[PDB]
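Data first, discussion second: the structure below is written as structure tokens.
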Amino acid sequence: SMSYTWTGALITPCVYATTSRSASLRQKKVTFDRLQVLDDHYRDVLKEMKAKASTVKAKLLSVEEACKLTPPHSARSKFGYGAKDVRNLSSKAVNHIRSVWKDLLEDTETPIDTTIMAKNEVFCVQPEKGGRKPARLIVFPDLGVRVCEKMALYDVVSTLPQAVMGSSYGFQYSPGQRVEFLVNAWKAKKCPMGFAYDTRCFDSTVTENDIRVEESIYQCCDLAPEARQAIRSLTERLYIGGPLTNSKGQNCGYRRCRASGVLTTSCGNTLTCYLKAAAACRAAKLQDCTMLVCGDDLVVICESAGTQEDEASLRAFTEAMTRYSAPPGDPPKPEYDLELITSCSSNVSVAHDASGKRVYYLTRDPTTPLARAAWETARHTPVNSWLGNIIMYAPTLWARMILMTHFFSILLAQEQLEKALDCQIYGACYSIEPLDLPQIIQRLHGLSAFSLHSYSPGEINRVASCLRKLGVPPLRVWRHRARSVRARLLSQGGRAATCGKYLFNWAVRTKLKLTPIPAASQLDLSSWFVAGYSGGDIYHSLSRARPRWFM
Ligand SMILES: O=C(O)/C=C/c1ccc(NC(=O)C2(NC(=O)c3ccc4c(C5CCCCC5)c5n(c4c3)CC(=O)Nc3ccccc3-5)CCCC2)cc1
């Protein structure tokens, strides 16, 4: 079948930002027929995955529990209620949610309607590597269907990927734990070889069989009878496909591939990518494979068979993935240094802590983080990528010296340090106060994240070149700015002084001891690095369990 079918009605509207004006360029790329051929390797891996899914017991969420997972700014329903009414358990919201649920139990076939829209993402204007990127399209069902998805599948998509893929499931790892996994896997090989595999329009390559095989994995869970029917009905009416409706309410066509804005997008993509890749590893006869999968993002670490043999096994891996309908964008290349593998646009780098000890950490090219941060300072935005980047890339030179200094200077000026802000972590939305950042960083990266030095020449040059390219003042200006920022924060006491002392210890001439923050342990981070939820429409507010009067 065709991944998509179009009527001709436009995808109407809701350093550059991507708009609906480029949607036509994306539509051309994502529209094609899929030719999938399965084999014994695929069926074997699938049976192995299902045997692991069999150990899972999933709970049906109540209306109230599902309502609480709804983001405050989640797209309103076309049936006269919004995200605020859902969160407050309003009579109209709850009634419509209960009628949608009943309809999923009684109707097993009628396709559910979805909205199609162009995503507005900020990217850096690079004329050296061609031109602008067309907008990525987002396909999502109505708010009421989105609440029912959580009731039926929130526990499944949170528990199942880990039970099935084990250590291969990328979203169970904080950036440091991801780093620890890769270092340990690389060290485990006599002669290691690693590669990243990028699929061209992964969502489009997802066939209805891929989606039915994904349900066969869900059906291995211990499920409540109504959860079982809702999964069956949601697969048939929503997940395999359905009609597309633009922002103006006009028919845009149809979809027969993965919808990017459903709860099962991350889980489904991860299970599908793992299945195809694990099977392809066998077809290519790659020895002692270790995989790390995050949706469509795959990294394979294996035992090298020699330079020529490694290139031949990669073409074989690619031939198998292509048969499974997962062809590459850019063909994969073998790497023989862990630092050379770029996965989720990130790479491993090393530094030293205060005592000269080596510390591995995850970094990335800072152009997009800085360009998006510049856009976010220029105009008000719903989600703050700057906050998510400080959290995830806390040990990096660029997040410490530029993102922290810049945003703490703004927060000091606006007197908004205590004001909670929304950020994205593995697709889920988190409401976080900037004052909690020292504690969040200590928990995810360790106390060493505040003492790191001896950055590599390559990492330093990438940062310095990026600042020049973007017209950002040099690193010496940032150290000078951080000293004033730090001084002002220190004078305020409490969590504000903790921000000063810990986040900006790199800026002082002499450098302080830095003892662990005692209130860091109180932070409830139980739901943080469990699963991926991109497109899932998931929200969580940061909570502090058992506070002490003096902390
Ligand atoms: O050689 C020396 O001894 C000193 C050199 C030197 C050079 C430039 C300055 N610049 C400044 O003071 C001003 N801008 C900045 O002090 C500035 C701060 C952050 C900037 C950012 C981002 C960085 C990440 C957080 C969000 C802001 C960008 N740009 C920035 C400029 C340059 C800019 O204007 N825009 C962009 C566009 C895309 C990406 C980044 C930027 C403020 C008043 C005049 C311009 C200061 C000192």
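Just so it is clear, none of the values below were taken in a lab; they were calculated from the coordinates. Cβ atoms come from the backbone with ideal geometry, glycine included; neighbour counts cover every protein chain shown.
Diffusion of the chain by Stokes-Einstein, at 25 °C in a medium of 0.890 mPa s and with Rh set to the Kirkwood radius over alpha-carbon pairs, works out to 99 µm²/s. In this rough spin-label picture, where each label sits 7 Å from Cα along the Cβ direction, the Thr381-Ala497 distance is 3.3 nm.
Over the residues of the chain, the helix contribution to mean residue ellipticity at 222 nm works out to -12500 deg cm²/dmol, using -39500 (n - 2.57) for each DSSP H run of at least 4. Close amide H pairs (under 5 Å, H built 1.01 Å from N) link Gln287 with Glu303, residues at least 5 positions away or on another chain. Between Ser454 and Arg483, full extension at 0.36 nm per residue minus the direct alpha carbon distance yields a gain of 8.4 nm. In sequence order, segment 221-233 has phi-based couplings of 6, 7, 9, 6, x, 6, 5, 4, 5, 4, 5, 4, 5 Hz under the Karplus curve 6.51 cos²θ - 1.76 cosθ + 1.60, θ = phi - 60°, and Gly or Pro positions carry x. Computed from backbone phi with θ = phi - 60° and the Karplus coefficients 6.51, -1.76 and 1.60, the 3J(HN,Hα) list for segment 513-525 is 4, 6, 9, x, 5, x, 7, 4, 4, 5, 4, 7, 10 Hz; x is used for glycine and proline.
Derived from the Cα gyration tensor, the three semi-axes of the equivalent ellipsoid of segment 1-132 are 33, 29, 18 Å, largest first.
Once you place label points 7 Å from the Cα toward the Cβ at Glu309 and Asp103, how far apart are they in nm? With each label placed 7 Å out from Cα toward Cβ, I get 5.9 nm. Summary of packing: across the peptides 45-57, 84-96, the per-residue average of other C-beta atoms within 10 Å ranks them, highest first, as 84-96, 45-57.
Charge tally around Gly8: other residues with Cβ under 14 Å, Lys/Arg +1 each, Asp/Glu -1 each, net +2.
Couplings 3J(HN,Hα) of segment 19-32, computed from phi: 10, 4, 4, 9, 3, 4, 5, 6, 3, 4, 5, 8, 9, 6 Hz, in residue order, whole Hz [Karplus 6.51 cos²θ - 1.76 cosθ + 1.60, θ = phi - 60°; x for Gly and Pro]. For segment 180-278, the relative contact order comes to 28 percent (Cα pairs under 8 Å, sequence separation of at least 6).
For segment 373-495, a/c is less than 1.5, where a ≥ b ≥ c are the root eigenvalues of the C-alpha gyration tensor. That puts it in the rounded class. The packing ranking, built from the mean of other Cβ atoms within 10 Å per residue, places the peptides 528-536, 70-78 in the order 528-536, 70-78, highest first. Taking a ≥ b ≥ c as the square roots of the eigenvalues of the alpha carbon gyration tensor, segment 1-45 is prolate, as a/c is not under 1.5 and a/b beats b/c. With Rh defined as the Kirkwood radius, the inverse of the mean 1/r over Cα pairs, the Rg/Rh of segment 346-551 is 0.93. Considering only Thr5, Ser91, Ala520, the residue lying farthest towards the positive end of the dipole of the chain is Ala520, judged by Cα position with unit charges set on Cβ.
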